[PDB]
Each structure stands twice: as structure tokens, then as C-alpha cells.
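J.: Enclosed is the structure file coords_36.csv (CSV, C-alpha atoms).
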chain,number,residue,atom,x,y,z
A,364,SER,CA,123.8,104.9,68.6
A,365,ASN,CA,122.1,103.5,71.7
A,366,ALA,CA,125.3,103.6,73.8
A,367,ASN,CA,124.1,103.8,77.4
A,368,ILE,CA,126.1,103.5,80.6
A,369,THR,CA,125.6,101.8,83.9
A,370,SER,CA,127.7,100.2,86.6
A,371,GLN,CA,126.7,97.1,88.5
A,372,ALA,CA,126.1,98.7,91.9
A,373,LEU,CA,124.0,101.5,90.3
A,374,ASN,CA,122.2,99.0,88.1
A,375,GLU,CA,121.4,96.7,91.0
A,376,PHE,CA,120.3,99.8,92.9
A,377,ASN,CA,117.8,100.9,90.3
A,378,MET,CA,116.7,97.3,89.9
A,379,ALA,CA,115.9,97.3,93.6
A,380,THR,CA,114.7,100.9,93.8
A,381,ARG,CA,112.4,101.1,90.8
A,382,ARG,CA,109.1,100.1,92.4
A,383,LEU,CA,109.0,102.0,95.6
A,384,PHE,CA,109.9,105.5,94.4
A,385,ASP,CA,111.0,106.3,90.9
A,386,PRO,CA,112.6,109.5,89.6
A,387,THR,CA,111.3,108.9,86.0
A,388,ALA,CA,107.8,108.4,87.4
A,389,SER,CA,105.2,111.0,87.0
A,390,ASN,CA,104.2,112.3,90.4
A,391,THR,CA,100.9,114.0,89.2
A,392,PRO,CA,97.8,111.8,88.7
A,393,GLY,CA,96.5,111.4,85.2
A,394,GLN,CA,99.9,110.9,83.6
A,395,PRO,CA,101.6,107.7,82.4
A,396,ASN,CA,104.5,105.8,84.1
A,397,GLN,CA,103.3,106.9,87.5
A,398,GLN,CA,104.7,105.6,90.8
A,399,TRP,CA,104.7,101.8,90.9
A,400,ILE,CA,102.4,101.8,94.0
A,401,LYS,CA,99.9,104.1,92.2
A,402,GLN,CA,100.1,101.8,89.1
A,403,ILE,CA,99.4,98.9,91.4
A,404,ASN,CA,96.5,100.9,92.9
A,405,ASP,CA,94.6,100.4,89.6
A,406,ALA,CA,96.2,97.0,88.5
A,407,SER,CA,94.3,93.9,87.9
A,408,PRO,CA,94.7,90.7,90.1
A,409,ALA,CA,96.3,88.9,87.2
A,410,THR,CA,98.6,91.8,86.7
A,411,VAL,CA,99.6,91.9,90.3
A,412,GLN,CA,100.2,88.2,90.4
A,413,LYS,CA,102.5,88.5,87.3
A,414,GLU,CA,104.4,91.2,89.3
A,415,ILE,CA,104.7,88.6,92.2
B,23,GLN,CA,46.3,82.2,80.6
B,24,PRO,CA,47.3,79.4,83.0
B,25,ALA,CA,50.8,80.4,84.1
B,26,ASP,CA,53.3,77.5,84.1
B,27,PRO,CA,55.0,77.2,87.6
B,28,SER,CA,58.3,76.5,85.7
B,29,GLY,CA,58.4,80.0,84.4
B,30,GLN,CA,57.9,81.6,87.9
B,31,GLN,CA,60.5,79.1,89.3
B,32,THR,CA,63.0,80.1,86.7
B,33,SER,CA,62.3,83.8,87.2
B,34,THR,CA,62.9,83.5,90.9
B,35,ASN,CA,66.0,81.4,90.2
B,36,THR,CA,67.5,84.0,87.9
B,37,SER,CA,66.8,86.8,90.4
B,38,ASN,CA,68.6,84.6,92.9
B,39,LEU,CA,71.4,84.2,90.4
B,40,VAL,CA,71.9,88.0,89.9
B,41,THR,CA,71.7,88.5,93.7
B,42,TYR,CA,74.3,85.9,94.4
B,43,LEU,CA,76.7,86.9,91.6
B,44,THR,CA,76.5,90.5,93.0
B,45,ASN,CA,77.3,89.1,96.4
B,46,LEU,CA,80.3,87.2,95.2
B,47,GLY,CA,81.6,90.1,93.1
B,48,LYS,CA,81.2,92.1,96.3
B,49,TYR,CA,83.2,89.6,98.3
B,50,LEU,CA,86.0,89.7,95.7
B,51,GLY,CA,86.2,93.4,96.5
B,52,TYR,CA,84.6,94.8,93.3
B,53,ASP,CA,81.4,96.6,92.5
B,54,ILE,CA,79.8,94.7,89.6
B,55,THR,CA,76.6,96.6,89.2
B,56,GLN,CA,78.0,99.5,87.1
B,57,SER,CA,80.3,99.0,84.1
B,58,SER,CA,81.6,102.6,84.3
B,59,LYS,CA,83.5,101.9,87.5
B,60,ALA,CA,85.0,98.9,85.8
B,61,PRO,CA,88.3,99.6,84.0
B,62,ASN,CA,88.4,100.4,80.3
B,63,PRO,CA,90.2,98.9,78.4
B,64,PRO,CA,91.2,95.8,80.4
B,65,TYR,CA,94.8,95.0,81.3
B,66,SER,CA,96.2,91.5,82.1
B,67,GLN,CA,99.8,92.0,81.0
B,68,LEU,CA,102.4,93.8,83.2
B,69,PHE,CA,102.8,97.5,83.4
B,70,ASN,CA,105.7,97.8,81.0
B,71,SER,CA,107.7,94.8,79.8
B,72,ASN,CA,110.3,96.9,78.0
B,73,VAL,CA,111.6,98.9,81.0
B,74,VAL,CA,111.8,95.7,83.2
B,75,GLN,CA,113.5,93.6,80.4
B,76,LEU,CA,116.0,96.4,79.8
B,77,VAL,CA,116.8,96.7,83.5
B,78,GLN,CA,117.2,92.9,83.9
B,79,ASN,CA,119.5,92.2,81.0
B,80,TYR,CA,121.5,95.3,82.0
B,81,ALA,CA,121.9,93.9,85.5
B,82,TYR,CA,122.9,90.5,84.2
B,83,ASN,CA,125.5,92.1,81.9
B,84,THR,CA,126.9,94.3,84.6
B,85,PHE,CA,127.2,91.4,87.0
B,86,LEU,CA,129.1,89.3,84.4
B,87,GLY,CA,131.4,92.2,83.5
B,88,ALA,CA,131.9,93.8,86.9
B,89,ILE,CA,133.7,91.0,88.8
B,90,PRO,CA,137.5,91.1,88.4
B,91,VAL,CA,139.1,88.2,86.5
B,92,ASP,CA,142.6,87.0,85.6
B,93,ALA,CA,143.4,89.0,82.4
B,94,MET,CA,146.6,87.8,80.6
B,95,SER,CA,145.2,85.9,77.6
B,96,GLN,CA,141.7,85.4,76.2
B,97,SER,CA,141.5,81.7,77.0
B,98,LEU,CA,142.5,82.5,80.6
B,99,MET,CA,139.7,85.0,81.5
B,100,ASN,CA,137.2,82.4,80.2
B,101,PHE,CA,134.1,82.0,82.2
B,102,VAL,CA,132.8,78.8,80.5
B,103,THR,CA,134.7,76.5,78.2
B,104,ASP,CA,132.2,74.9,75.8
C,23,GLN,CA,48.4,86.9,73.2
C,24,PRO,CA,49.5,88.6,76.4
C,25,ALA,CA,53.0,87.8,77.5
C,26,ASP,CA,53.7,86.1,80.8
C,27,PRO,CA,55.7,88.4,83.1
C,28,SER,CA,58.0,85.5,83.9
C,29,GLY,CA,59.5,85.6,80.4
C,30,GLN,CA,60.2,89.3,80.5
C,31,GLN,CA,61.6,89.0,84.0
C,32,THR,CA,63.9,86.3,82.9
C,33,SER,CA,65.0,88.2,79.8
C,34,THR,CA,65.9,91.3,81.9
C,35,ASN,CA,67.6,89.0,84.4
C,36,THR,CA,69.6,87.4,81.7
C,37,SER,CA,70.7,90.8,80.3
C,38,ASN,CA,71.9,91.6,83.9
C,39,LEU,CA,73.9,88.4,84.1
C,40,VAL,CA,75.5,89.2,80.8
C,41,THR,CA,76.3,92.7,81.9
C,42,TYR,CA,77.6,91.6,85.3
C,43,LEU,CA,79.7,88.8,84.0
C,44,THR,CA,81.3,91.2,81.6
C,45,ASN,CA,81.9,93.6,84.5
C,46,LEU,CA,83.5,90.8,86.6
C,47,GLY,CA,85.8,89.8,83.7
C,48,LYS,CA,86.7,93.4,83.3
C,49,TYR,CA,87.6,93.7,87.0
C,50,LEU,CA,89.8,90.6,86.7
C,51,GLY,CA,91.5,92.6,83.9
C,52,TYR,CA,90.3,90.6,80.9
Represent the structure of the file as C-alpha cells.

T.:
Amino acid sequence: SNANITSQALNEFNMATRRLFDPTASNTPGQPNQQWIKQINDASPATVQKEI
Amino acid sequence: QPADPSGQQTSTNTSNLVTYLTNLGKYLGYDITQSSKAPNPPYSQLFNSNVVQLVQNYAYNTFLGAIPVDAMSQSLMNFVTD
Amino acid sequence: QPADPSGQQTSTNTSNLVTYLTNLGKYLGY
């Protein structure tokens, strides 16, 4: 029902490659789940430290 | 009326307080004077716990399952005994 | 009786501290 597929190389890939560019991310401002750097651009200091 | 110097002293102190808290908020990199430029509503949690948790447990599972292992009987592919 | 300007100045100043501390806490993300 929620059967989803990944390999270990592809999964380690998208674990590494999720913050810098993201295919699922919205590339137009004003939409949710934007690029991680743009989300950081408005993030709070506590938020960014949790990211660290 | 005879003005009490304590009131004037406290007024100057409070003006000094607002000035200096403006200065420190300035130094932290924010503009404190206007509430509109402040975020609304606030956020302290991370962007999305769900996507990151999903990614991390998936990576953990894929690493456990990916590596080849002796497969001839269940007790012999065992990773940890008890 | 006429009000001393020190009291009104301090009341306005206190409203500014309240507003500005809420703004700073907002900027921290709280």
C-alpha cells in the first residue's frame, strides 16, 4: 500500500543531495518546500542550529 | 508641581534601554523596530521532520540490507545473536 | 492634577520595550 523502492547508492545519494539542489523542491518563490538554501534564507537561528 | 528627579532619571534610563536594545538587535543582524519585518508565525523546529526521518530510516535499512552476506541458513546470515 | 511628562515618557518607553522584545523573540524564531 505504501510500497516504495530505493537502492542503497541512490538513497545515500539523495540523502547527500537533498539540501543543495532538490528536484522535488519548488523553484519559484512563494511556494512551499523550496530549495533548502532558500528555506535557510528565512530560517531562524535555532532552526539553523538544529540543522547543524 | 515639584518634579521628582527620580522620574526624569528613570525616563532617561528607559530611553537608554530602548536605544541599547535596538543597538544589540542591530548587532545580532535583525531590525527590531518594526514587527512587520519580523517573521509571522515563528518557527523553531526544523523545516520538515517527516521527509528527513523518512530519508534517514530508509538509508539505514538500505545499508543493512545491501551488503552481501552468507545465505545458506537463517542462523548463518545473522547480524547480531541476542 | 497635571501629569508629569516623565510618567508618560516611561509608559511609552515601556510599550516600546515590550514591542521590541517580542520582535527580538520573533527573530529568534519563538

J.: Using only C-alpha atoms, determine which residues lie at most 6 Å from region 395-410 of chain A, disregarding the query and same-chain residues fewer than 4 positions distant; provide the list as a ChimeraX atom specification.

T.: /A:382,388-389 /B:66-68 /C:50-51

J.: Could you please select, counting only C-alpha atoms, the residues of chain B within 10 Å of chain C and state them as a PyMOL selection string?

T.: chain B and resi 23-41+43-44+46-47+50-67

J.: Could the residues in this selection be saved with C-alpha atoms as a CSV table (one decimal), in the frame of the given file?

T.:
chain,number,residue,atom,x,y,z
B,23,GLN,CA,46.3,82.2,80.6
B,24,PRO,CA,47.3,79.4,83.0
B,25,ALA,CA,50.8,80.4,84.1
B,26,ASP,CA,53.3,77.5,84.1
B,27,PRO,CA,55.0,77.2,87.6
B,28,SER,CA,58.3,76.5,85.7
B,29,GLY,CA,58.4,80.0,84.4
B,30,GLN,CA,57.9,81.6,87.9
B,31,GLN,CA,60.5,79.1,89.3
B,32,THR,CA,63.0,80.1,86.7
B,33,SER,CA,62.3,83.8,87.2
B,34,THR,CA,62.9,83.5,90.9
B,35,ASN,CA,66.0,81.4,90.2
B,36,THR,CA,67.5,84.0,87.9
B,37,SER,CA,66.8,86.8,90.4
B,38,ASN,CA,68.6,84.6,92.9
B,39,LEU,CA,71.4,84.2,90.4
B,40,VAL,CA,71.9,88.0,89.9
B,41,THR,CA,71.7,88.5,93.7
B,43,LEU,CA,76.7,86.9,91.6
B,44,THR,CA,76.5,90.5,93.0
B,46,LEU,CA,80.3,87.2,95.2
B,47,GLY,CA,81.6,90.1,93.1
B,50,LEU,CA,86.0,89.7,95.7
B,51,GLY,CA,86.2,93.4,96.5
B,52,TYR,CA,84.6,94.8,93.3
B,53,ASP,CA,81.4,96.6,92.5
B,54,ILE,CA,79.8,94.7,89.6
B,55,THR,CA,76.6,96.6,89.2
B,56,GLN,CA,78.0,99.5,87.1
B,57,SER,CA,80.3,99.0,84.1
B,58,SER,CA,81.6,102.6,84.3
B,59,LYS,CA,83.5,101.9,87.5
B,60,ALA,CA,85.0,98.9,85.8
B,61,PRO,CA,88.3,99.6,84.0
B,62,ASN,CA,88.4,100.4,80.3
B,63,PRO,CA,90.2,98.9,78.4
B,64,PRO,CA,91.2,95.8,80.4
B,65,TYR,CA,94.8,95.0,81.3
B,66,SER,CA,96.2,91.5,82.1
B,67,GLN,CA,99.8,92.0,81.0

J.: Would you work out the distance separating CA of residue 76 (chain B) from CA of residue 390 (chain A), expressed in Å to one decimal?

T.: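 Interatomic distance, CA of residue 76 (chain B) to CA of residue 390 (chain A): 22.5 Å.
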
J.: Within 10 Å of chain A, which residues belong to chain B? Use all atoms listed in the file and report them as a PyMOL selection string.

T.: chain B and resi 61+64-70+74+77-78+80-89

J.: Quote the spacing between CA of residue 379 (chain A) and CA of residue 364 (chain A) in Å to one decimal place.

T.: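 About the pair CA of residue 379 (chain A) and CA of residue 364 (chain A): they are 27.3 Å apart.
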
J.: Provide the CA of residue 75 (chain B) to CA of residue 394 (chain A) distance in Å, to one decimal place.

T.: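 Interatomic distance here is 22.2 Å.
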
J.: Take every atom of region 34-45 of chain C listed in the file, pad by 3 Å on each side, and give me the axis-aligned box centre and edge lengths in Å, one decimal, as lines of an AutoDock Vina configuration file.

T.:
center_x = 73.9
center_y = 90.5
center_z = 82.8
size_x = 22.0
size_y = 12.2
size_z = 11.0
